[PDB]
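We name chains A, B, ... by the order of the sequence lines, and we start the count at 1 in each one. Both backbone and side-chain heavy atoms feed into the values below; hydrogens, waters and symmetry mates do not.
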Amino acid sequence: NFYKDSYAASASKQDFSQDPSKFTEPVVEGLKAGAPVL
Amino acid sequence: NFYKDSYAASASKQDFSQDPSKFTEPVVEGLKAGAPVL
Amino acid sequence: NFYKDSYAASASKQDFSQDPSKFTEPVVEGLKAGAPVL
Amino acid sequence: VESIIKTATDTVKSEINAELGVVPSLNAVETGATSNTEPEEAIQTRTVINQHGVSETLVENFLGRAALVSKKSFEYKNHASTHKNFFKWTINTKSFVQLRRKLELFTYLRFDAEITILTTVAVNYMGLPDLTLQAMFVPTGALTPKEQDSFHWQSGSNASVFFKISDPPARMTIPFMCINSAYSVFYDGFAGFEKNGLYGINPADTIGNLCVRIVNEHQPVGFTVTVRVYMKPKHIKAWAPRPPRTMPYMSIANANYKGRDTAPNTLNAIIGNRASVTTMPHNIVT
Amino acid sequence: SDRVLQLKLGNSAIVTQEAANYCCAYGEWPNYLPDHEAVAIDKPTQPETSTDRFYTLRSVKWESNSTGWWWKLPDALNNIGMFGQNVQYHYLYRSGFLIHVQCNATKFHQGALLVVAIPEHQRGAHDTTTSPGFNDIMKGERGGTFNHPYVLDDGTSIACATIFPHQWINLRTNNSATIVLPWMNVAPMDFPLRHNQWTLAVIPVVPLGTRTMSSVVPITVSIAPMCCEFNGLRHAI
Amino acid sequence: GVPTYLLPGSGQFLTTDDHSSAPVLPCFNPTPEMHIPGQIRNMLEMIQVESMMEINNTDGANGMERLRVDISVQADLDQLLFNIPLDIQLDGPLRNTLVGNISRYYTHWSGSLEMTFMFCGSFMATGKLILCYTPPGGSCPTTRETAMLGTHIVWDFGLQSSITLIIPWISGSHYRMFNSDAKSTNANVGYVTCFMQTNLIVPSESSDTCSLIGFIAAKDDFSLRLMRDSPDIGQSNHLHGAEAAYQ
Amino acid sequence: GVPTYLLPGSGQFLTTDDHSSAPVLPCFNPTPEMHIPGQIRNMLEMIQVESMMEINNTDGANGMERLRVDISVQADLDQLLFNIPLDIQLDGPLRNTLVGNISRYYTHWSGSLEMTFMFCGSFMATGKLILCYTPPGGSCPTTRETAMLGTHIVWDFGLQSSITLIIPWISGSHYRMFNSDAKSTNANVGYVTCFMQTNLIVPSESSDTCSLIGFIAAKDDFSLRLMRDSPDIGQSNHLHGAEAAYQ
Amino acid sequence: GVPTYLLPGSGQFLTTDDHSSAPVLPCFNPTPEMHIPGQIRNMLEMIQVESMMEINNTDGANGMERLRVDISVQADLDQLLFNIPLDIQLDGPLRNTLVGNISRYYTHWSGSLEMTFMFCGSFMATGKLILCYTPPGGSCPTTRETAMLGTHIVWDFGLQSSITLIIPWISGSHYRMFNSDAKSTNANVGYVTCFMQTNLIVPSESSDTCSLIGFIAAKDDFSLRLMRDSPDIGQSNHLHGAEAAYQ
Ligand SMILES: CC(=O)N[C@@H]1[C@@H](O)[C@H](O[C@@H]2O[C@H](CO[C@]3(C(=O)O)C[C@H](O)[C@@H](NC(C)=O)[C@H]([C@H](O)[C@H](O)CO)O3)[C@H](O)[C@H](O)[C@H]2O)[C@@H](CO)O[C@H]1O
């Protein structure tokens with residue numbers, strides 16, 4: 001980026017962080033594999 | 001700046017120095033917080 | 001390559017590896033020079 | 001819970017299961033959590049080292065595309081006796097459905113916007129003039145020009161970009177300029193302190209006005225000039241994904257819906273009908 | 001173990017013996033506004049127990065032909081108790097919410113309610129280009145009803161509404177749903193009378209049915225604001 | 001100066017290009033970031049959430065009635081209850097789902113899918129169902145004896161209300177693709193069928209017709225490629241108010 | 001040579017661009033710098049100086065009469081004396097001030113404002129006033145009992161001639177903005193009202209009508225964003241002598 | 001900015017240029033590589049495989065009859081059986097071979113060639129042949145006494161069914177070239193002739209006319225230069241279905 005303002009830079013396609021559980025498992029008490037959910 | 005004359009350079013947007021008091025408090029004797037001005 | 005995707009790069013004309021025998025001599029038992037083939 | 005994912009997850013080989021008290025295939029949808037049954041627990045799997053990448057679905061790439069947001073045609077001529085050689089456009093991302101639907105897959109979005117302006121001309125034949133245009137960015141509800149030649153175009157502080165039709169499309173980046181930490185793609189509220197304001201329109205989410213004029217004085221003949229504006233968001237952060245739009249859009253000012261006349265995407269039926277729940281469409285007839 | 005639960009805030013408490021764990025929206029939990037995110041500089045008032053407690057709204061009746069109900073927050077509570085008073089006397093407010101939806105029946109009854117907390121649920125009007133009016137949106141404590149739950153009254157779909165924080169009340173399984181909501185907005189605080197951060201929607205995807213004695217089956221909503229903060233004190237609006 | 005030459009492609013405007021560009025407002029200070037709940041960084045996170053399949057997409061079924069499949073107490077044995085076409089890239093029960101909608105913004109896909117069904121009858125209602133996934137090759141099975149030969153799960157109604165049928169990624173090629181031909185060897189996923197394993201059995205005071213709600217989602221071994229415009233939205237005219245933005 | 005390609009934006013003239021350019025006079029030696037009093041480096045320094053508000057912007061008030069508010073000895077109690085609209089981005093008592101003028105070259109603003117009033121009656125005149133700042137939400141208060149509930153300062157006339165009412169930055173959003181709609185939730189700042197706390201009291205030989213001069217300024221927690229052309233100046237024709245510059 | 005200037009060649013599209021170019025699909029993840037049998041990295045690998053020469057390219061010889069040369073029991077001595085023109089860059093017995101086809105995509109060539117002949121008569125058939133390579137300069141030899149003076153191999157039929165005649169690279173210049181003139185000093189390779197050394201001799205129950213199949217290939221001292229379009233394929237009209245690709 002040769003511009004003085006950082007927002008002028010090219011895209012940032014390097015954020016590979018993920019946390020699906022905030023959407024897939026937003027339950028307060030974690031569910032263990034194989035164990036009855038209820 | 002690839003030009004030989006320095007005045008040809010791009011802008012200089014890095015001078016963050018300030019001294020508002022030369023406009024806001026140009027009084028010879030400094031005014032203390034809370035104390036009666038007069 | 002100034003592009004972010006490697007597939008955008010210029011050609012790769014540096015692979016000088018060869019193995020003609022996979023086409024010229026795909027026989028299980030190698031043939032020795034001078035010796036009767038059968 | 002958070003981690004770095006660069007490829008789809010691998011599969012581990014699994015054996016036969018016959019354990020009392022262990023029922024991985026049973027779940028409870030009522031909890032609100034999605035099933036956590038793994039393939040390895042549902043069937044016997046083999047080991048697979050999965051090398052499939054996941055970068056094309058990164059939000060930056062998903063939304064990182066220059067999409068058409070504005071298209072305006074006007075007559076360039078002597079308007080002695082309508083857009084008189086210039087126009088004003090209140091910027092919005094709700095007029096073209098492809099970009100709109102994608103942005104609306106999210107509740108909040110923070111991004112800088114790369115703007116590209118494409119211009120084409122047609123004679124109303126003796127050749128096409130290489131005109132110079134001026135696109136001036138005028139803030140929200142701010143003072144816009146009323147004539148092709150008003151003093152307002154002097155653009156003392158407003159940013160203006162001058163470009164020729166023969167040059168590549170003009171381009172510049174408008175920073176994330178919301179007064180908040182992110183733009184509200186949806187806004188369940190009223191933009192004013194009184195009760196008669198507009199619903200669902202948060203002024204804070206309107207980038208501004210784009211005033212475009214042909215700088216050249218009119219020619220002896222008339223031309224049709226079309227200006228297309230494209231926007232590409234970058235340096236994107238997105239929050240709270242949402243249900244995709246199904247009903248056709250009706251207005252740029254709201255989410256009003258009506259649905260198609262017949263399925264698919266009719267208010268009464270989103271998916272097209274099949275004869276019955278035991279009728280297999282596209283069944284293989286060998 | 002994950003079927004029984006007691007919620008206690010302020011002078012209020014609620015228990016359920018037929019729960020289904022409980023949801024923490026986006027895996028978050030309510031909290032007070034930190035100094036590094038604050039904007040309004042006046043010292044805020046944090047009422048605690050007088051506002052962070054359960055407020056039970058009037059019940060609604062689940063009928064065989066019901067389309068669903070909704071309550072917008074904070075609108076639904078803007079005129080209830082001390083939370084309502086603080087809201088009326090302050091220009092700015094901030095809070096999370098603990099939602100508990102209740103509905104019991106019989107082991108001979110069937111039905112399934114989707115209980116979802118929708119952020120920024122901007123309603124759309126049906127078959128017209130005119131945007132919804134103030135009275136179509138601000139229902140207060142009474143809440144409103146869905147005209148076309150199939151598309152969430154916004155041209156999208158209830159089918160994909162599970163992308164939002166939610167639980168279900170499936171009569172044969174549980175009799176209550178619990179969802180904890182953190183402050184959800186693009187600003188650290190907001191004017192409570194013109195913007196609703198969340199919309200609680202309760203929709204019967206599977207209608208109420210039985211062949212046993214017919215009885216009125218109510219659905220009740222109890223909501224407890226959490227970590228309330230108010231700024232910009234003045235007179236009551 | 002520096003000697004240079006322009007390459008083919010010079011001056012073009014590629015909508016997917018990636019370059020820096022002139023800042024319109026120099027020295028502009030963007031609003032500070034604030035933590036906001038629910039940040040999503042990869043669309044794959046969204047398709048892992050299960051959503052409702054419109055299995056009852058039939059004439060006579062209106063609105064939400066299309067989102068549930070009713071099963072009744074049977075008089076005959078081994079009864080077929082319903083089937084579900086599997087191309088998440090074509091119109092059908094799977095199209096208007098989170099995984100279906102997002103996948104349709106792409107052309108290639110790979111990974112396991114999961115179908116979860118929640119029984120919504122009364123507590124006194126019991127039953128066993130068999131859900132089968134039949135890999136492609138032939139005609140959809142119409143009898144339990146045939147469907148049973150494929151991938152399946154026998155579901156027993158009880159306290160845990162839902163069952164999950166995993167549709168494992170079983171493909172010759174790394175990815176499957178959409179090409180508008182549902183019978184193409186690189187598109188057809190196979191079939192899902194549901195039969196009574198035993199029967200739905202309920203007492204006199206319980207409804208004798210109960211509903212199931214089917215959900216679907218991608219597992220984390222999923223991958224999508226080749227972005228394209230979605231076929232699920234389009235316009236013929238200007239939207240209302242669009243032109244007023246110029247007045 | 002070096003292979004290159006032109007990007008979109010090539011050849012354009014952006015008035016806010018920032019690049020070096022060819023020196024017209026090579027080897028030119030600019031006049032040496034000399035220290036000069038009053039250097040200003042950030043416009044925020046200028047808006048921190050308080051200037052006079054035109055509170056008496058009413059028909060019949062001419063010139064400087066508009067810059068002072070006259071208060072008289074009252075016959076009734078708790079009397080409302082005057083109010084002041086607060087949008088420093090719209091026409092009103094605050095527009096032609098240092099903070100108002102400079103702020104109007106921008107679109108977004110944030111920070112605390114300060115209003116200082118100087119009592120200019122005679123030494124023998126006494127009194128107490130209450131200045132109130134009411135955050136937005138409702139109609140402007142018209143009674144002291146209501147205004148008193150907001151942010152305020154009770155002012156006692158005496159040797160120290162001036163009082164300061166701080167209008168703290170109280171906003172939901174980081175910044176407020178101008179959009180020509182004074183009632184917008186992102187624009188309205190609220191109100192400032194002034195009532196008699198007691199009464200203006202003076203002896204027979206002192207004037208029984210006295211003036212206050214109100215000043216306003218930004219504090220150093222102020223910030224302005226998004227430069228735009230000011231609405232406070234404009235032209236329809238060439239200025240006199242402009243064309244003569246070509247003769 | 002950087003001062004630059006465009007060179008001649010700027011803006012041109014050279015079909016053999018080598019530069020990087022804008023990726024159409026950013027962040028696209030290509031299918032993982034998999035090992036596949038038979039990878040070829042240099043076309044020289046392909047021309048080293050021997051293929052059948054169409055020696056019997058005569059009127060009356062149809063299809064595969066053109067790929068074999070029949071020899072019969074002779075009544076006279078030292079009989080000439082057949083000859084083979086040698087320009088692998090012109091139409092003749094060597095053109096439709098692996099080495100011939102690939103070489104014709106080039107203009108210059110260098111290296112030794114090898115011709116292998118397989119006798120396909122019956123086991124009871126015997127014989128001796130002499131295969132001769134005559135470097136260029138004169139007319140093709142028509143008698144064994146003359147051909148015998150060049151490079152040659154005397155072949156005795158037996159258990160090992162095939163013989164190889166090496167056509168060593170014998171040229172004044174490093175490379176030979178095609179220029180459509182078969183008699184050019186930089187093109188003509190010379191000749192290959194085959195005579196009976198003794199005679200084909202067979203018993204009463206064996207066929208008295210037997211076939212030979214001749215193969216040719218390049219050795220690894222081969223080199224090809226100057227790519228050009230092959231003269232072996234061409235079109236006058238659109239192929240069937242080509243225009244339908246636009247419908
Ligand atoms: C093109 C092809 O290969 N086959 C055509 C059949 O598919 C078609 O029958 C109809 O197909 C419809 C397909 O569903 C969509 C789709 O394209 O996937 C669903 C989209 O959401 C929808 N988009 C919008 C904005 O409404 C889209 C759109 O309605 C159509 O493209 C417009 O025609 O359709 C669906 O399954 C219908 O229920 C089905 O009847 C037949 C019709 O004669 O023509 C085939 O060529």
Side-chain angles (χ1 to χ4, degrees), chain B residues 23-38, chain G residues 48-86 92-94 96-99 113-134 140-167 191-217 219:
Chain B
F23 307 116
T24 60
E25 290 181 294
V27 292
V28 71
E29 197 178 68
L31 306 176
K32 295 184 173 60
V37 180
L38 305 177
Chain G
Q48 284 176 237
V49 175
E50 63 196 12
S51 44
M52 306 176 235
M53 298 184 275
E54 183 158 306
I55 302 174
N56 187 25
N57 59 315
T58 61
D59 182 56
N62 302 118
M64 296 195 76
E65 312 180 316
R66 304 170 74 75
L67 303 180
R68 57 180 187 270
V69 187
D70 295 351
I71 60 178
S72 306
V73 177
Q74 301 297 307
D76 297 319
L77 307 174
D78 322 331
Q79 294 302 99
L80 164 64
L81 299 176
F82 65 84
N83 52 37
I84 310 174
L86 266 36
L94 311 189
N96 183 41
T97 59
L98 296 168
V99 58
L113 290 165
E114 69 87 1
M115 285 187 179
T116 293
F117 299 79
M118 173 171 69
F119 176 61
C120 303
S122 62
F123 172 96
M124 298 297 276
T126 68
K128 294 181 191 294
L129 301 185
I130 182 172
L131 288 156
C132 313
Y133 164 52
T134 300
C140 185
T142 59
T143 64
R144 195 177 72 195
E145 295 201 301
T146 296
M148 160 278 278
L149 295 173
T151 288
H152 69 273
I153 177 66
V154 171
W155 175 24
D156 181 44
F157 297 164
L159 175 55
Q160 309 310 309
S161 72
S162 319
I163 197 67
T164 292
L165 165 70
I166 289 292
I167 297 172
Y191 316 103
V192 160
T193 53
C194 179
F195 300 76
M196 280 293 190
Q197 181 69 342
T198 52
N199 188 21
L200 168 69
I201 305 177
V202 315
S204 304
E205 298 179 68
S206 288
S207 307
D208 56 3
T209 292
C210 308
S211 301
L212 300 178
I213 296 178
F215 303 76
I216 190 176
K219 299 305 298 174

* Give the C-alpha distance, both sets of side-chain angles, the deciding distance and a yes or no for side chain to side chain contact (heavy atoms under 4.5 Å, CB included) between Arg68(G) and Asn56(G). => CA-CA 6 Å; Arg68(G) 57 180 187 270; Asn56(G) 187 25; 6.0 Å; no

* **Chi angles and distances behind the side chain to side chain contact (heavy atoms under 4.5 Å, CB included) call for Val192(G), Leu86(G)** => CA-CA 7 Å; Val192(G) 160; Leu86(G) 266 36; 3.5 Å; yes

* To do: Apply side chain to side chain contact (heavy atoms under 4.5 Å, CB included) to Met196(G) and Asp76(G), showing your working.
  => CA-CA 10 Å; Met196(G) 280 293 190; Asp76(G) 297 319; over 6 Å; no

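With hydrogens and angles ignored, the 3.5 Å screen pairs no side-chain donor or acceptor of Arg144(G) with any backbone N or O of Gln79(G). A distance-only check finds a donor-acceptor pair linking the side chain of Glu65(G) to the backbone of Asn62(G) [under 3.5 Å].
Across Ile84(G) and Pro93(G), no two heavy atoms sit closer than the pair CG2-CB, 4.0 Å. Across every non-hydrogen atom of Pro141(G) and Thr146(G), the tightest pair is CB-CG2, 3.6 Å.
In this structure the side chain of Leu129(G) reaches within 4.5 angstrom of the side chain of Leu81(G), judged on heavy atoms. Counting only heavy atoms from C-beta outward, the side chains of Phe23(B) and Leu98(G) never approach each other to under 4.5 Å. You'll find the side chain of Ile153(G) stays beyond 4.5 Å of the side chain of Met115(G), heavy atoms only. Between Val73(G) and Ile201(G), every side-chain heavy-atom pair lies at or beyond the 4.5 Å cut-off. For the pair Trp155(G)/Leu165(G), no side-chain contact is recorded, criterion being any heavy-atom separation below 4.5 Å from C-beta on. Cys210(G) has its side chain out of reach of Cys120(G): every pair of non-hydrogen atoms, C-beta onward, lies at least 4.5 Å apart.
With sequence neighbours excluded, the residues forming a side chain to side chain contact (heavy atoms under 4.5 Å, CB included) with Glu114(G) are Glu50(G), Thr116(G), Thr164(G), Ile166(G), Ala217(G), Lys219(G), listed by chain and number. In this view, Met52(G) and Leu67(G), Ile213(G), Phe215(G) satisfy the side chain to side chain contact (heavy atoms under 4.5 Å, CB included) rule, not counting sequence neighbours.
Within the model, atoms CG of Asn57(G) and CG of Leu94(G) stand 10.0 Å from one another, a figure rounded to the nearest 0.5 Å. To the nearest 0.5 Å, the span separating CD1 on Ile130(G) from NE2 on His152(G) amounts to 4.0 Å. In this structure, CG in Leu38(B) is found 5.0 Å from CG in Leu159(G), a value given to the nearest 0.5 Å. The OG atom of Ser72(G) sits 10.0 Å away from atom CG of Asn199(G), with the distance rounded to the nearest 0.5 Å. If you take CD1 on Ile55(G) and CZ on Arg66(G), they are separated by 12.5 Å, rounding to the nearest 0.5 Å. Atom-to-atom distance recorded for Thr193(G):OG1 and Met148(G):CE is 11.5 Å, nearest 0.5 angstrom.
Note on residues 117-130 of chain G: pairs passing side chain to side chain donor-acceptor pair (under 3.5 Å), not counting sequence neighbours, are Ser122(G)-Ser206(G), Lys128(G)-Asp156(G).
Note: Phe82(G) and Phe117(G) have tilted aromatic rings, judged against thresholds of 30 and 60 degrees for the angle between ring planes.
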